[PDB]
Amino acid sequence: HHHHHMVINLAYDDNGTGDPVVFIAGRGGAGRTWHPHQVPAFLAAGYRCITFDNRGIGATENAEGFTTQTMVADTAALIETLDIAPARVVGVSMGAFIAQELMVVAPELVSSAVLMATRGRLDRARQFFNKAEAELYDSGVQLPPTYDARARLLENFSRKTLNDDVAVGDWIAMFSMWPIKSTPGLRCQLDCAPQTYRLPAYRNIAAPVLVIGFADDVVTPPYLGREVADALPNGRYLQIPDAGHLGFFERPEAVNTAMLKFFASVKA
């Protein structure tokens, strides 16, 4: 348990009534990124949905010097403040890493979890990708807007989507509804990632977990998600075809139905 933490106010929304589900967004994602595709489906299934702005987002976008354990403690504090322990947790990418590490140190707060687009370590390519992203920020160079959108398309969507002229046009426009500003908080979130080999620690997590991998994901490749599921004694792996790193936007029905079926299967 943390002993060097200071609670800060994080924006959050608390919607619906019933069993609580805490959503943890990935790097650069605000709480509202769960609202186009996930929260309506979960509300329709009868869940209460908690979404929030991670440290480094929005009102804390200039925060720096925080670590994964800071964000774990932030999430734990939100669960305790809302008096929703134990909660279901849905995390994606950085948010799934936070969820994993939360379950290691405070398992009593999490009844079950979905971990989307996750890993328990970085391989050579993904370590290099992170070094390159940090180098881009630290150089002060700003990518021109269309080139930034091109990188976002390549890095987040399936080949099937890129080959779909209408879908591609739509996602280019979606980028205006979900800008990712280069902030100090975004740069610090880049380091809130597996710096070490965390799979052995996850063998201690006894709670039921669904790990979802996205077949075309190049940011968190599916084989690294399968490693997490294999470490988890009560974790199962599911792969979504024709889905990139943003698979929960790209194939929302497929992802939601898998998550809702899992959460129903572990009902108390």
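We number the residues from 1 along the sequence you see.
Checked against the record, the higher mean CA B factor of 26 to 34 and 60 to 68 lies with 60 to 68. Annotation for 113 to 121 versus 127 to 135: the higher mean temperature factor (C-alpha) is found in 127 to 135. When the C-alpha B factors of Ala96, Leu82, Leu162, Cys188 are read from the deposited coordinates, the top value falls at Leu82. Residues shown: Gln100, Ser158, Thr196, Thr75. Highest C-alpha temperature factor in the entry: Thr196. In the deposited entry, the Cα temperature factor of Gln239 places it in the lowest third of its chain's modelled residues. Among all modelled residues in its chain, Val89 ranks in the lowest third by Cα B-factor.
In the PDB entry, a CA B factor belonging to the highest third of its chain's modelled residues is recorded for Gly18. Ranked against the other modelled residues of its chain, the C-alpha B-factor of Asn256 as given in the entry falls in the lowest third. The PDB entry assigns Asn204 a C-alpha temperature factor belonging to the highest third of its chain's modelled residues.
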